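# An overview of the molecular structure
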Amino acid sequence: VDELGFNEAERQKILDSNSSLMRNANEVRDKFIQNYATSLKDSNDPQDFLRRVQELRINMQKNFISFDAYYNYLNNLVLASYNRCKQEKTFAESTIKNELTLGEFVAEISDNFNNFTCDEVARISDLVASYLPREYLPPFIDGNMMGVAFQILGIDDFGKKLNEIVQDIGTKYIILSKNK
């Protein structure tokens, strides 16, 4: 049937189904940045920058900013995607007699799983990274002080957690793609 291969329509269903955790994420980021992080640009010096980055983190906590939610959004999405492809995968192996044709569908299904999930993790990864707004960074800041700011703002730690999710996508890809 033509409802196999983890279709754009099936993919879109998992986006809308799971879209609540992401509601207004860019407007929230934009507004938080505008109200608390523009002054980073006026930092006097490297440690005054980091002092302002600490205060930014404190303002993030006081405003209940939380990356943990995006963590859950991705897990839910990945799971839901896995659950759809696994079902598709079964119904193809229950419905499709030519082994090579079945490969067609097993490869399409898992390749779209790998790509749909990995792109949503990158989108979320890019959004979380933007809470250290590049456009308000003082001209004297290097990659190393950005590194520390990433760590003080919670971004570095979110990255780790995002890495575990990409790792599970990779294992779910293994499962879903299991040769014929």
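- The record lists X-ray crystallography as the method behind this PDB entry and 1.90 Å as its resolution.

### Points about the pattern of salt bridges
- Taken as a whole and assessed by the stated rule, the structure comprises 13 salt bridges.
- Between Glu93 and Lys89 there is a salt bridge; the shortest N-O distance is 3.8 Å. You can see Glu93 and its partner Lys89 sitting in helix α4 (residues 68–95), four residues apart, about one turn around the helix.
- On the accessibility criterion, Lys89 (10% relative accessible area) is buried.
- What you see here is one network of salt bridges that share partners, running through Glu3, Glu10, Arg84 and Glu88.

### A few points about helix α6 (residues 143–152)
- Within α6, burial applies to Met145, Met146 and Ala149. Looking down the long axis of α6, one finds its buried residues gathered within 105° of arc, a one-sided arrangement. Exposed side chains of α6 directed beyond 90 degrees from the buried face belong to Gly143 and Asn144.
- Of the surrounding secondary structure, the elements contacted by the buried residues of α6 are α3 (46–62).
- Among the residues of α6, the N-terminal cap falls to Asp142, whose side-chain oxygen and the backbone nitrogen of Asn144 are separated by 2.9 Å.
- Following α6 by one or two positions, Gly154 has its phi on the positive side, about 90°.

Parameters and conventions
Residues numbered from 1 in each chain as written, not as in the entry; some residues may be left out. Heavy atoms only, no water. Salt bridge = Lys/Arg side-chain N within 4 Å of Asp/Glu carboxyl O. Helix = DSSP H or I, 4+ residues; strand = E, 2+ residues; numbered from the N terminus. Buried < 20%, exposed > 50% of the residue type's maximum accessible area, 1.4 Å probe, protein only. Arc of directions from axis to C-beta. Contact = heavy atoms within 4.5 Å. Polar contact = N/O pair within 3.5 Å; in protein donor to acceptor, adjacent residues only side chain to side chain.

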